[PDB]
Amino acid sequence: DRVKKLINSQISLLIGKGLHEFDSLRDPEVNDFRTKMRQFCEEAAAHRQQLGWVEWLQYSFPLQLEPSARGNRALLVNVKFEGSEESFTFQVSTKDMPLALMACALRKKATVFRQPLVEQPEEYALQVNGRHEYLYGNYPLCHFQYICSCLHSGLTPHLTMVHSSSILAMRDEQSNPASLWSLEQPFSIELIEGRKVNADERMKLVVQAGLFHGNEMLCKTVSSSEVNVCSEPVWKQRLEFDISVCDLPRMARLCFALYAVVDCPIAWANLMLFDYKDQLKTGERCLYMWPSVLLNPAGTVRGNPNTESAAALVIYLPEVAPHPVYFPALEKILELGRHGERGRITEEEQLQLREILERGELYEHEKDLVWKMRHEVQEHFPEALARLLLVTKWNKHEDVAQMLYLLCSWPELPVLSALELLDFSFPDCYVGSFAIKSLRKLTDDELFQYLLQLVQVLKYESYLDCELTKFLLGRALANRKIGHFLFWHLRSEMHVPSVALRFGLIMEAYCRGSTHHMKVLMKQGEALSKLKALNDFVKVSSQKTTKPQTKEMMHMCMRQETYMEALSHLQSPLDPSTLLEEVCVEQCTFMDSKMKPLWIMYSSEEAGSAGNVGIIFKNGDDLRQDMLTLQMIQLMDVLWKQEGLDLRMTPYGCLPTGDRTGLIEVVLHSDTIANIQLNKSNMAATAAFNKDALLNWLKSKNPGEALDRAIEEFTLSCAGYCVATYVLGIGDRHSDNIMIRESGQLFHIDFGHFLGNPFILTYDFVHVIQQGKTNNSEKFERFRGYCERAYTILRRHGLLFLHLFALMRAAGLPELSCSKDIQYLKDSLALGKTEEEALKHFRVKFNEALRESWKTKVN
């Protein structure tokens, strides 16, 4: 089939890894995942191509609703009919549903075109002009992001009446073409020899190994004897662990750490004891070690792919039985765990359990209580499942068998509890499966909010075919926006050798279930290719020639045939709803930063004002910390809007796309507090006192009565950023990374340093809040009010921040690698305290930042 071979080269191109590389591994796990996932994904591709037209809209154009709408006023809208210049502007209510708007559009059409139309309002969908956005469903118009956004900017919604027939034309054009428990002996292994080893000649090499279940030690850590340093060290010694073979859990991992002493770590390596087919491993294995920066229980259970350089470690997994031993089936595990003894205790110990389970480290006598009252947990306190799972002796199969009996009979938990079970603290595969079962309830909007964390959990996975992968693939194929971001979250880390096989495999499976989207993602990947080359010309040229000259040699290069085709007509990788239509070459430029970031301007004739967008292409810098912080800010925005608090936040797009490569979304009509404070002459803001510049600037951008709105936009946005930077630890705040929109909105940029590494408020910010006045405690205290209100809202969702940041440890961020970094967040959200005790601390911290604010005023 010539059809398949072209698809095959395109997939290889898109994932920046040849599909021949996978078949060159000779690996059956890789081949079984490929075959099984292609099956699963083509079944999804088939389901989708036969979806209803409204159902196909829900896949392609999932609704962008306001946080308040999820789970009154007079409005003016302009409606057109697909394939016509003629448009109708009309009045509607913010309480009207799209069906009433479509009935208005058809009634106007009927009188204008002089026809008693057969055309039903139910037969249409409202597209947002020049955007991959639709308004459908029975929701009042204000509930839609585009409408609600339009009201705030004072713009007119621009819609196109799209008939069910053209939506089916879209679907059709986009279709895919045609026994262990009987082996009492302790755990032992023969450490044979090392290969391609590097260490100082003075030193004497030792191998240390431990048996783990995620983090927790199954038994005491055991080290080996000292060997003289050479390229090929030779041990041939037996390490006997304090654990019977029957007591080994399913998810047991044997972890190694090679370190030279007279003290320095050289390399580390891990392997699962049971294979993907649940059989206990025996024989000789070649552990291609990763460079060490004291075992690494978290690191990949897959060897270093660069088999040349890597310092290998030859081991012998000894034969435990003269027959192959597999891990007992769930039906076997449940038999052993069913027959248990129930905990009967007095009213006194009943108080102790309710006290401790609600109150998360414990004491060894209390762990014995929680285990004895484990039936009471399932019944009275199900959400305490995590505590109980932690007090389970995972190195003893009888206890583990008793736990899975309660787990398989456990009620489904809320999404907060399930997200907590995704952590590496709960490495059991049935616990992983239970957590996912309790997450199936996630809305596509919620899933999209936690997608980044779920992607990091993929790195904690021990085997390729897992329930999390199956889930994120099925949700991606059921939603084109989830599909888009899942693709990019994976594609961006393809340069990392530990994840390039897993991520490359997930992308291939996705591509098999979405042939059309692949071609849409290839077009994006082709634009990004050209931007790297164009950035490289800029980087070189900016050194030799002045900025106006480089700017024009870039503009010349952009005008080239291949660049014009490449950079035009594409879905924005920062937003699939945003179409990057016509590149405005003359308006493109670059920054005077070390990486010479490129500013790419775009416009749409069909979208009008909505099409005038820009992207920033940054190569040389790692954007993963900006994307986290912004996603965390966006969360706060959603959390606040849900309590009816709109703090006019600007959580702009930021997306890593490759190795120190990514895009950031341009927020137009905005300057830096720095550029404004320059206080340049002949400018409208030219201030007598520097404190005035910022307000003179707002006065200049918002004439007359509008300034009062611009001050409120600034006050609210200012309050939300004071909290965001406190709670999050956003340090290194200068005048050049605090920006202001012409609307009055304040926002922060350049989040390379968070979590410590209180609030930063100068008197010109206080001056704007105070409306120029010196003494204005009425206005200043509303700002403190908004700050406290916003902070109390976040604390209530403190655990959601805690659990998200926890799963984000897997991401390999240097400022987010251990529990000492989640510490800042527990301190800032004051979670081990009652709301008043927490408010008292916030008040003190606010006053302490306010006393630090009056240092500026002293002058």
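From 1 onward, residues are counted along the sequence shown. Rigid core (definition): largest C-alpha set, two forms, superposition within 1.5 Å.
Comparing 87-95 with 394-402, which has C-alphas lying farther from the shown form in 7 other deposited structures of this protein once the core is aligned? Evaluated in 7 other deposited structures of this protein, the stretch farther from the shown form is 87-95.
Using RMS Cα distance over all structures and residues, flag whichever of 721-729 and 76-84 lies farther from this form in 7 other deposited structures of this protein after a core fit. Comparing 76-84 with 721-729, the one that moves more in 7 other deposited structures of this protein is 76-84.
Checking the other PDB entries with both flanking residues built, is residue 30 absent in a third or more? That residue is present in all of the other compared entries.
Among the other PDB entries compared that flank it on both sides, is residue 70 unmodelled in a third or more? Missing in at least a third of the others, so yes.
According to the entry, are there none, 1 to 3, 4 to 9, or 10 or more residues of the deposited sequence without coordinates between residue 178 and residue 179? Per the deposited record, the segment joining residue 178 and residue 179 lacks coordinates for 10 or more residues.
What does the record say about the segment between residue 359 and residue 360: how many deposited residues are without coordinates (none, 1 to 3, 4 to 9, 10 or more)? The entry has a short gap there, with 1 to 3 residues left out between residue 359 and residue 360.
789-797 set against 23-31, stretch whose average Cα temperature factor tops the other in the entry: Comparing 23-31 with 789-797, the higher mean C-alpha B-factor belongs to 23-31.
State which stretch shows the higher mean Cα B factor in the entry: 401-409 or 596-604. Mean B over CA atoms: larger for 401-409.
Largest Cα B-factor, entry values, listed residues 693, 148, 567, 246: Within the set 693, 148, 567, 246, 246 shows the top C-alpha B-factor.
Between 332, 539, 641, 699, which one tops the list for C-alpha B-factor in the PDB entry? If I rank 332, 539, 641, 699 by C-alpha B-factor, first place goes to 332.
Could you place residue 432 in the lowest, middle or highest third of its chain by Cα temperature factor, using the values in the record? For residue 432, whose C-alpha B-factor we compare with every modelled residue in the chain, the answer is the middle third.
Residue 827 - Cα temperature factor, lowest/middle/highest third of chain: Its C-alpha B-factor belongs to the middle third of this chain's values.
Of the three thirds of its chain by CA temperature factor, lowest, middle or highest, which one includes residue 621? As the PDB entry reports it, the C-alpha B-factor of residue 621 lands in the middle third of its chain.
Ranking every modelled residue in this chain by its Cα temperature factor as given in the entry, which third contains residue 105? Its C-alpha B-factor, which the entry lists for residue 105, ranks in the middle third among residues of this chain.
Splitting the chain's C-alpha B-factors into thirds, which one does residue 58 fall into? For residue 58, whose C-alpha B-factor we compare with every modelled residue in the chain, the answer is the lowest third.
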